[PDB]
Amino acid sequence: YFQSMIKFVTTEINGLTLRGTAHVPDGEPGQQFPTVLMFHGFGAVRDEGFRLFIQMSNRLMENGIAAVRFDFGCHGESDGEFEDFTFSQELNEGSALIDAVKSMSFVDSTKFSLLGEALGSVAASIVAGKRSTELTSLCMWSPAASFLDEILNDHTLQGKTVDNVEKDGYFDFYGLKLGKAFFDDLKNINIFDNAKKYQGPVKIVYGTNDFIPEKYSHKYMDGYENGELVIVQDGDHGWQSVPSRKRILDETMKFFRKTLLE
């Protein structure tokens, strides 16, 4: 019998090494656990903001659910330059990470779910529709499903103009160079028609102080046969208040207990 452990994991997808962390519950040798794979947001890292995914991972681990989270390609400690990042490759990696994680010794291939934050929720929704028979459930926090509308119609990315990409040669995201390839690839992305292909249990948690409009969470619900939408009064995009951090962890543990343990 081995106590719980935190270990570091890697995988190779399309020639990039993706680097991640796994939180494995207490158990006997060779035990396979229900597992949540977590997708971080745009230009974020696998910890997410202010220990958010770390706290969620430990909460799951203490309750018998393994938690795995990788840096996407061109993010965090994974290989790849942000200038080469495209959302299509994030989607390819998210699908490939299902098989990478289900191959791990401690993961029950039949009790496996996705959790997302922000753009990671958008990726999770699309991967879930394309790999619907792989997922026991799907949980989406603060989904950034407005990102196509904002960039393509309002010509901004998180409020900053995208109209100087040709003049500058890049878009400046907090000191990272985001390339033209990202913007050229946006025409290939479909969120909601792909997302409605997943008809397992879905939970969406939206905070009223999120800068993403609430209507995008309702649009997801319009397409889900088994959706639940929780509106957290005065929650924000990253669950960056003490009360809303407790709320997001509790609501999510409740959902994964119901769908992966009960």
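Numbers follow the displayed sequence, beginning with 1.
Relative to one another, 182-190 and 110-118 have unequal mean CA B-factors, and 182-190 is the one with the higher figure. The PDB entry records a higher mean C-alpha B factor for 191-199 than for its counterpart among 191-199 and 39-47. As recorded in the entry, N164 carries the highest CA temperature factor of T136, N164, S125, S103. The deposited CA B-factor of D168 belongs to the highest third of values across its chain. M140 sits in the lowest third of its chain by CA B factor, as recorded in the PDB entry.
Sort the modelled residues of the chain by CA B factor and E90 lands in the middle third. In this PDB entry, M221 carries a Cα temperature factor that places it within the highest third of its chain's modelled residues.
For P34, the recorded CA B-factor ranks within the lowest third of the chain. Only modelled residues enter the ranking.
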